[PDB]
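Same chain, two versions here, written out as structure tokens and called structure 1 and structure 2.
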Structure 1
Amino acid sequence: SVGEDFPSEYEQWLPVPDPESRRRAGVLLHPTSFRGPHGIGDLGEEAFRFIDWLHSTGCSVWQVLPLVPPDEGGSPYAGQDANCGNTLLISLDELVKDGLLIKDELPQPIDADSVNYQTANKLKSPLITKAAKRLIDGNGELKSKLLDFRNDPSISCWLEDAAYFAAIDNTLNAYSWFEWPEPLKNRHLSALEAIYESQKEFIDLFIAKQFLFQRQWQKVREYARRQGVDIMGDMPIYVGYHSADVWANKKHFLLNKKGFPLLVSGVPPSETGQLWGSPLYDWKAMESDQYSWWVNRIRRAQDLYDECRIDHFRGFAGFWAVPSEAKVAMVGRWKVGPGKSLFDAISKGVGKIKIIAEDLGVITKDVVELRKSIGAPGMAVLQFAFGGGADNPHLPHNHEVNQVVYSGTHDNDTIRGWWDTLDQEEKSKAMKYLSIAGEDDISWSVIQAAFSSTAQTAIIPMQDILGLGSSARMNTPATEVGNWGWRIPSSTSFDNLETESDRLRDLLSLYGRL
């Protein structure tokens, strides 16, 4: 009490750093990019090697792109399913360890500078199928774990729908499920039973393949955790029309009486607007079952990742809605999103979540208030920092603590590529703010600025750690070809990036991110 003596240990009663405030860094690297002989990266030895290398740098976060089955262009953002894993990421060597293939059955290696998905599928799928077949034919330990996975209720609430959808899509020659015969289109119960009987094998194999992905991914994730590395995933806010997600939950979407979307996704203008064309959620319909679809989706995201970015997070506050009739985006209108009640339901259903809000571009007051109300960090991207003036939110002096800072994302050129095409006056602006040595090392200048930020989390693409040019760019938006193909050059092994490792560690040490 006021005036009185303190206990004798007053002088030692110091503030202690909050553990949840710990500064950290990480690397954005999608597993398709790993080296190896089978035309695409996978969840085998290169993933563990990369984890060991990441750990040796002092980084404690690994960010991946969505791990869903991609479209035929390779895009993880136009996946065929929101919850399934990309089975082309399955390691054939790991399957040999599991006793599902023998070494002699492995294909002759191929050189694939870049991922060609068609090539990877022709090479790998037959062998994955054969492994999945032996798994299902066996009795024993591994079979028993398939059955647990399959009968686990939090797997089956998406897996069975996904397997039936895939069986029907395989059986039928049709553009999309809109064109399916009515009993399959609208999931008549006896039609579904008839499908199970006639496509039983396909369904069992599909499920077995999802088990193999899950098993190999969970080993990667447990290895990461043992080495102090959290994994940060990614999810687009919208899912595609031709998927089990929509087909098996039509009432949760804005579809007409025939199952065609009334309204589709997009954004307004500069431009004539931008038309994405995804189906939209019936948010008030979802409100009525306590948002169960989204709750299940987050439960699957938790199963895969420690943390998850949500692309186009602004859509939870307000979304642009275009008449599906239209061929241009400008015709739509803004609609009211579910707001915080969604995240209330999720937290009630799943518990504590770690979400990152992708909140780039022009966003409204309600977006910022929603993001803050659930305590989600937003993003800063240094590549965007040098247009306009000193109020640009991407400049380090405007960064916030609860924020994730990138040098660039998978949608941007590499730092070297970006530097190379940078117009004068954005460039001399950058030169004043950044500490630049030689231009060849421009990517380290930007890395350093990200690390020096007050943002709690700094994330760098592997391409920039390797100092690579525009040919290593992962994606160029609004192009339909040449994306998602980058792989680490077959010469660069994780055993040979110790200079890079040391340099990162020096920076992380200097800026308190170890």
Structure 2
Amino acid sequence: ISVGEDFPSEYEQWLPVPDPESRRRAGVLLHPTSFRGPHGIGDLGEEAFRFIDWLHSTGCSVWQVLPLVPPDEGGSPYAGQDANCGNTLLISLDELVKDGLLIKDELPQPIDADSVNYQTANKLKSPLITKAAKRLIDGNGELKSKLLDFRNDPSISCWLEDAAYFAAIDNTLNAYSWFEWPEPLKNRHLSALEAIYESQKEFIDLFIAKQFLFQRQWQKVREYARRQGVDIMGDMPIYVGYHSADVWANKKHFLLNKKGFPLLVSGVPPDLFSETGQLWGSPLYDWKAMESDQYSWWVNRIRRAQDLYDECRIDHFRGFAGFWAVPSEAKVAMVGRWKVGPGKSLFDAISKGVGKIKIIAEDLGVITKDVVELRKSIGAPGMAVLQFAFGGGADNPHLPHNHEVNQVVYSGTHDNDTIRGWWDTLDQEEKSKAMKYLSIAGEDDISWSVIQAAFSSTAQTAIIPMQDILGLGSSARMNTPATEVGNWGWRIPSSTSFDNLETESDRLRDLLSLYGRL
């Protein structure tokens, strides 16, 4: 219509429509090992479905988990034994009964494990998981046909075969790591791998069958989440452990010497958690090498993650701009150097290979100019953690008035204390600063005040740890960085069920309503 002319009679109702991709929402951070149950550890069975139902009733639409990789021996998902495999100790045994692979009589006696012991859980559950996998590979029915489909899926076998062979070799040998393996296994000579197949054929087929079982139980949890309107946000650990099929089967893509030993290892300089810095110990990526077959190993990680999650947190995102390299012999991280990461070049390859992708940049720590620019050049939202909001002055980016829309706000991460515990240890200048910003009734319910401040944010997504919805103290902390004992063990108390959290559900629902996050 030309300037000056009349509009049609429905001009007043030509109102702007809210973008569905801009929808405000809330979520809960809860790793599946924290579910209750009689087998020493949480699993992908009934408790997972009950939690989704409870989460649905709160109005939350996001469930954030830690990485689902097989953890290290202290329970850590961030130096896993493989990059793409699933933690087979998350397999529900009760579910294997529904699938026909176990009979009820075989299910073991319950144990009291108010925290996870990964070794206790392993001794109790692995015999039955192997028995179930044995019955699966023996059968000729529909489930066997689904296993064969899984195996020869081109994008499963490009990681699954190497991982089975690796697990098989490690079962044959007494060595501490693959560094000590004999040269022909260590460097993957065809005949040596052929011999391993012949002598460890059954073990290999069992390992592949256990990965199929994990895959199946997880995809069912995720379908049930989708059915109840819940997206699952996974977690992509930046580094993988030395003793893994990933490092072993792609030596030239890591920073190792001629004999396979790491030249440099991962960590961060002196920070909040340690005076000497955090020495993680992982091997590091030879980025110029990776660049040369298009980061195909990184592109397969993201493809695997797309199959497991709706959305994905990229751990230590800053590491792709610049990474901290410590000499491999060092006993502390504080002696080390910053090195140039792959930058945008990695993310263009992920785009080109995988397509459109929902990524959350965990951009916490030392944030330099090149990190901020990388995050913005791929469009990924960053993070705000309220527990870091009350040091410094009013320009602190974690304070609500400084949040952005394309961002996720946490009360805290799995690396922080709970709110209660954090408030208990808090320095007095930081505490009275926080009282001026927050709305506090009783200090008992400081959790709800912080949760309230997170939801009132302009940030599109607000994530709360289950510990803070339950108002738990420091004994419920999931992880303390720069410590080796007593992490990754927290479980929901055996006496709290998802049917006894109606008050919490309502109180949350009220807040999401109030801040337009339903």
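For numbering, take structure 1's sequence and count from 1. By rigid core we mean the largest C-alpha set that fits within 1.5 Å across both forms.
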ask   = For the set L205, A131, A167, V322, which residue undergoes a C-alpha shift of 2 Å or more between the two structures, given alignment on the rigid core?
value = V322
query = Taking the rigid core as reference, does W276 move its C-alpha 2 Å or further between the two structures?
reply = yes
Threshold 2 Å Cα movement between the two structures for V331, core superposed = yes
task = Note yes or no: does the Cα of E20 move by 2 Å or more between the two structures after the core is superposed?
result = no
query = What's the distance in angstrom the Cα of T479 travels between the two structures, core superposed?
reply = 1.1
request  = For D464, tell me the Cα shift between the two structures once the rigid core is superposed, in Å to one decimal.
outcome  = 0.1
